[PDB]
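Residue numbers (the deposited numbering), protein chains in the order written: chain V, 8 to 96, 104 to 138, 159 to 218, 223 to 304; chain X, 52 to 141, 153 to 185; chain Y, 27 to 117, 138 to 178; chain O, 3 to 47, 60 to 67, 71 to 145, 152 to 178, 182 to 200; chain J, 620 to 786.
Reviewing the structure listed below.
Written out as structure tokens, the structure reads:
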């Protein structure tokens with residue numbers, strides 16, 4: 008429901024229109040303080056009209072208009088007002111909603127800025163792994179599956195849009211030893231280790247290994263595998279290469295910083 | 052029964068035209084005042100009050116602001132209800159929903175009291 | 027039984043743990059959704075409630091120990107109180143050194159033992175490479 | 003996978019001279035030697063006699082042609098139904114050329130089949152849409168040419187033989 | 620759209636900018652009631668006394684404060700007080716071999732010039748053959764310096780030429 012942001016923007020716009028009206032009528036209530044060469048400050052008056060032209064910005068709200076026109080009479084809210092009149096203590107529900115949203119955003123910002131850790135070091159479960167894999171499989175166009183043909187370690191494969199499927203061996207976490215193979223795969227009777235490529239997919243595997251060694255966290259493997267899955271899914275397009283042309287080399291793929299760009303650019 | 056979007060759509064052109072009219076009458080009052088003060092009397096005609104113009108402008112502005120704020124509040128209420136409760140109303155048993163809301167309120171109050179005792183122990 | 031340098035190191039580790047526990051309590055508060063959301067009615071709810079209760083009790087004990095070690099460091103100012111070597115930073139022990147040498151020798155022996163063990167482990171991994 | 007291919011019919015100097023100039027430009031681009039997968043273009047027809067080869074050849078009768086069997090099976094089917102088909106007598110031409118794999122991109126120069134023809138430049142994609156690098160290379164490779172636009176980007183999964191039949195359709199061009 | 624107020628403000632030529640007061644402020648103070656929008660006292664003297672009056676232009680001061688401590692600058696006979704503002708009498712007191720102090724008299728801080736002037740060089744350079752080679756190298760380097768600067772560029776080039784032309 009991003010229309011709330013649009014309505015807040017419209018409120019800010021109309022408040023700015025009122026403020027600009029007040030400001031221009033106040034400026035008209037004063038003359039040239041000290042010009043001594045030309046009363047060019049009257050041009051600021053015209054500039055004030057530009058702020059009044061910002062009223063047309065409120066007309067932009069007509070594009071954001073038609074945000075809500077439905078039934079759903081306030082979404083299951085009325086309990087005491089439209090219900091038991093004696094049930095007056104209702105608003106506690108809305109208070110709790112606001113409290114929870116505030117706590118959520120507060121803790122989110124706190125965790126986001128707490129990246130500057132201060133802990134030096136630490137000095138003085160296959161079912162869980164399969165469950166984490168299945169939970170990560172919950173994203174669209176990211177059909178993954180595992181079989182564990184050899185060993186107690188995890189053998190996971192991912193196929194997003196093309197025949198560029200990737201295999202990643204895990205040890206219940208921090209899945210290292212990545213191998214991407216475009217257009218064949224599981225030869226013999228299980229996953230293979232051919233690692234054949236077109237001198238570019240091998241580079242992609244190198245990038246994946248670099249990320250795995252880079253996105254390795256000291257604990258909490260959930261966030262680790264989540265960042266891993268997002269980093270891999272970011273390859274769904276492979277069609278744009280900023281900071282250079284589209285043919286800087288054999289192929290231009292390296293989104294390590296949440297944005298794809300031309301390869302060989304570190 | 053008018054809608055917030057409908058009232059906004061019918062108020063915006065009234066607001067614009069009232070702004071135009073008040074600015075025109077303000078310019079007329081200004082040129083009349085200057086002609087009577089700076090130069091000789093030429094605008095031998097009574098002007099307007101000029102106060103009702105911007106007064107009603109600000110009135111319609113306040114009306115628009117508060118109705119848009121009410122609409123925003125309604126959307127926020129719907130969003131928070133959908134987030135804190137599943138969409139089920141006559153489907154869900156109403157007394158069960160009331161009990162679930164009461165338990166949610168009690169749980170939030172307990173979390174708040176725990177954090178408050180934590181802060182007090184920090185003191 | 028002075029253990030003063032170890033006490034200062036323990037205080038540093040304790041404030042580091044306080045910071046890490048602050049990070050942890052924030053990371054566990056951010057994922058505290060509505061009670062009757064889907065299924066976490068009271069089980070995981072009360073579970074994390076008790077978890078944060080233990081968190082705050084441990085943090086209070088840690089603050090107690092921090093106050094105690096700070097008071098101990100303050101009262102430790104006995105003899106050579108000024109000690110201006112802070113701004114003047116530069117620009138028997140035999141028995142302890144011998145015990146350290148013997149410990150390092152035993153550590154080198156155990157290191158060779160671990161080297162043999164990991165060689166055998168790599169060999170076993172090689173065998174498994176031959177597996178079907 | 004099935005990448006575009008066109009034939010810029012140049013003139014002025016010569017056909018062989020234009021071919022040599024294109025080959026020199028490709029070598030300057032860094033075209034590595036990758037053999038000569040000379041792809042013929044024979045006609046007997060609404061079937062066809064496509065002998066283009071990509072280590073396997075086939076003729077596309079219609080519906081882009083199944084032609085999923087090996088070349089020996091297709092030739093045996095042709096010799097068996099000698100006359101039982103409606104496609105022996107038309108002009109049997111054969112185009113040739115060399116194939117160079119610059120870097121994960123093979124380029125083939127289909128020369129004059131019967132002698133009157135152009136030198137079709139055929140490229141091969143890796144995975145395949153996917154015209155960003157394609158166009159970036161085509162503009163840096165030739166001038167106002169290489170339009171391509173085959174029966175691609177419609178989604182039946184990277185069909186090469188349909189493109190080959192489209193290229194062989196240039197017989198009536200001269 | 621409301622260009623009427625614009626043409627009216629254009630009309631507002633006469634000096635009596637007080638009719639607009641009676642025209643606008645009644646309703647303004649009526650509907651808006653901040654008679655004291657800034658009751659904080661505002662009384663500060665703009666210019667009482669602010670001047671260095673005791674040194675050269677501090678621009679060269681802030682420049683020379685950055686240079687390496689191996690450069691020791693002193694004060695020559697008083698002929699570069701304010702306008703010239705610079706008598707770069709420097710010694711390269713460091714682990715490298717010493718030499719003759721440079722002159723390097725730059726110009727007012729506008730910098731339509733540089734420092735090197737080399738007055739006392741005539742006898743300081745031609746006497747010693749090695750120092751003559753040093754001077755040749757320093758001149759060749761300065762000529763290749765596009766628009767050298769007051770202290771940093773000149774002294775840096777001089778030091779690098781002195782410790783490169785050793786051979």
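C-beta: ideal position from N, C-alpha, C; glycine also.
Between the CA atoms of residue 162 of chain X and residue 140 of chain X - distance to the nearest angstrom
13 Å
Rounded to whole angstroms, what is the Cα-Cα separation between residue 109 of chain O and residue 137 of chain O?
18 Å
DSSP three-state assignment for residue 8 of chain O, whether helix, strand or coil
strand
Return the chain-ordered list of same chain residues with a C-beta closer than 6 Å to the C-beta of residue 99 of chain Y, the five sequence neighbours on each side being excluded.
none
Every unbroken beta strand (DSSP E) within the segment 655-731 of chain J, with a cutoff of 3 residues, ordered by chain
691-693, 708-710
Does the segment 182-194 of chain O come into contact with the segment 71-89 of chain O, if we say contact requires no fewer than three beta-carbon pairs (one atom in each stretch) closer than 8 Å?
yes
Which bits of chain J does residue 63 of chain X rub up against, with CB to CB less than 8 Å?
Neighbours of residue 63 of chain X on chain J: none; closest Cβ ~15 Å, over 8 Å.
7 Å Cβ cutoff, residue 62 of chain Y in contact with chain X:
yes
Given 8 Å as the limit, is there contact between the segment 681-691 of chain J and the segment 748-757 of chain J, that is, 3 or more CB pairs closer than that?
no
Give me, in chain order, the residues of the same chain whose beta-carbon lies closer than 7 Å to that of residue 205 of chain V; leave out the 5 immediate sequence neighbours on both sides.
187
Over what stretch of residues does the beta strand (DSSP E) that includes residue 125 of chain O continue unbroken?
123-127
Can you pull the chain J residues whose beta carbon is under 7 Å from the beta carbon of residue 92 of chain X, in chain order?
Under the 7 Å cutoff, chain J gives no residues; its nearest Cβ is about 14 Å from residue 92 of chain X.
Helix or strand or just coil, what does DSSP make of residue 275 of chain V?
coil
At a CB distance below 8 Å, what residues from the segment 31-46 of chain V approach chain J? Give them in sequence order.
32, 33, 35, 36, 38, 39
Using the beta-carbon of each residue, which ones in chain V are nearer than 8 Å to residue 639 of chain J?
35, 36, 38
Less than 7 Å between C-beta atoms, sequence neighbours within five positions excluded: which residues of the same chain meet that for residue 105 of chain X?
73
So, at 6 Å on beta carbons, what are the nonlocal neighbours of residue 9 of chain O in its own chain, with the 5 sequence-adjacent residues on each side left out?
135, 137
What number of angstroms, rounded off, separates the C-alpha of residue 1 of chain V from the C-alpha of residue 251 of chain V?
What the structure shows of chain V is the stretch from 8 to 304, and residue 1 of chain V is not part of that stretch, so it cannot be assessed.
If you draw a straight line from the alpha carbon of residue 86 of chain Y to that of residue 184 of chain X, how long is it in whole angstroms?
7 Å
Under 8 Å: do the segment 53-66 of chain X and the segment 275-292 of chain V share three or more Cβ pairs, one atom per stretch?
no
Where does residue 103 of chain O sit, in a helix, a strand or coil, going by DSSP?
coil
Specify whether the segment 119-131 of chain V and the segment 186-202 of chain V touch according to this definition: at least 3 beta carbon pairs, one from each stretch, less than 8 Å apart.
no
Span of the beta strand (DSSP E) around residue 202 of chain V:
200-204
Output the distance between the C-alpha atoms of residue 61 of chain X and residue 127 of chain X, rounded to the nearest integer angstrom.
24 Å
Decide if residue 757 of chain J is buried, meaning its Cβ has at least 16 other Cβ atoms within 10 Å, or exposed.
buried
For residue 121 of chain X, does the three-state DSSP call read helix, strand or coil?
helix
Mark residue 61 of chain Y as exposed unless 16 or more other C-beta atoms lie within 10 angstroms of its C-beta, in which case mark it buried.
buried
With 7 Å set as the bound, which would you pick, yes or no: does the beta-carbon of residue 188 of chain V sit closer than that to a beta-carbon of chain Y?
no
Does the segment 161-172 of chain O touch the segment 81-95 of chain O, meaning 3 or more C-beta pairs lie closer than 8 Å?
no
Counting only Cβ pairs nearer than 7 Å, list the residues of chain Y close to residue 220 of chain V.
Absent here is residue 220 of chain V, because the residues of chain V run from 218 on to 223 with nothing modelled in between.
Beta carbon of residue 722 of chain J nearer than 7 Å to that of residue 737 of chain J
yes
Roughly how many angstroms lie between the CA atoms of residue 785 of chain J and residue 235 of chain V, to the nearest whole one?
58 Å
Residue 35 of chain V, DSSP secondary structure in three states:
helix
Going along chain X, which residues have a C-beta under 7 Å from residue 66 of chain Y?
Within 7 Å Cβ-Cβ: nothing; residue 66 of chain Y doesn't reach chain X, min ~11 Å.
Using the C-alpha atoms, what's the distance from residue 108 of chain X back to residue 621 of chain J?
16 Å
With distance defined between alpha-carbon atoms, name the residue in X/155, X/173, X/124, X/172 nearest to residue 108 of chain V.
X/124
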